[PDB]
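The sequence shown begins at 629 in the authors' numbering and counts up one residue at a time.
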Amino acid sequence: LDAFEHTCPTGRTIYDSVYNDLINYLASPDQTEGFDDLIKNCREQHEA
């Protein structure tokens with residue numbers, strides 16, 4: 629999201645978009661499968 633340097637005021641809906649996947653990663657910090665493509669998808673949605 630580039631949320632730190634840049635102040636894009638759209639993060640609410642994107643967070644709502646990948647909420648459950650991200651919290652599955654968080655509460656289970658063991659698995660790293662498929663995280664990078666989610667990052668790229670979020671970046672694409674954000675720039676669009």
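Beta carbons: idealized from backbone N, C-alpha and C, even for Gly.
Check, Outcome
"In the DSSP assignment, find the alpha helix (DSSP H) that holds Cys670 and state where it starts and stops.", "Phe663 to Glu675"
"With a cut-off of 8 Å on the beta carbons, I'd call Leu666 and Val646 a contact; round off their distance for me.", "6 Å"
"Might you give, ordered along the chain, the residues of its own chain that have their beta carbon closer than 7 Å to the beta carbon of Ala631, omitting 5 neighbours on each side?", "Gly639"
"For the alpha helix (DSSP H) that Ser645 lies in, which residues bound it at each end?", "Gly639 to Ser645"
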